[PDB]
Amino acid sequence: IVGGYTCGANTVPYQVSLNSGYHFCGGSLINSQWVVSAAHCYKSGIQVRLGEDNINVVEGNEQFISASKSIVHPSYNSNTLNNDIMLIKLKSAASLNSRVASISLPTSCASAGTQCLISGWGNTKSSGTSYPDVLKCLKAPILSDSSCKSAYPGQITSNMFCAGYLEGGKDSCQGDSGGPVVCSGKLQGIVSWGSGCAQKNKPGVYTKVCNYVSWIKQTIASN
């Protein structure tokens, strides 16, 4: 997250850290047995860590569970990153409490103007590399599709939306990947891509989760 702040320990209780020996992507808990992340975060052998804040220290409120299965969206295009979403089932169900809770899926799509919260343990420098150990947060509004498509001509589809600041300075970044974008209590986006991080006129591009609720719901009920 570049230009964001420290959330506070367990203040974003639906945030997850995907680990394959190290933290490589984030995810959101949707219920005791399922997580949603990005498809470009697909790897084999993933452990889902919940109640995390500092990912390098065991502070006591964590739950480390391995995944039993990963389902990448059937229409995911790794080249355009269109339909960049993946579901992860846990081997055991997480025990939900104040530090580990699930986030709700949207009933409709959010409007441009809406402020959301984006969180993750990804890079924090635009020019440089700094990886934090605690969760970083960023409040950012949904941008008009017009400004999104001008910045990325011919790259944006109806399953993507941009959020951020065109001036630059503030954006999600590598490592935040798969992470949540919550607007008004609903998970509206997943960190998908952008051009570098926090660059002027290069806002982040997020998977428009409101277009996948039927797919998510149908898949977790049948798996």
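All residue numbers are counted from 1 along the displayed sequence.
Higher mean CA B-factor, judged across 191 to 199 and 36 to 44 from the recorded values: 191 to 199. According to the PDB record, 165 to 173 carries the higher mean C-alpha B-factor of the two stretches 152 to 160 and 165 to 173. Per the PDB record, residue ranking by Cα B-factor puts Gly27 in the lowest third of the chain.
In the deposited entry, the Cα temperature factor of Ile1 places it in the middle third of its chain's modelled residues. Among all modelled residues in this chain, the alpha-carbon of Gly113 has a temperature factor (C-alpha) in the middle third.
Ranked against the other modelled residues of its chain, the C-alpha B-factor of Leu87 as given in the entry falls in the lowest third. Residue-level temperature factors show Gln15 in the middle third of its chain, judged at the C-alpha atom.
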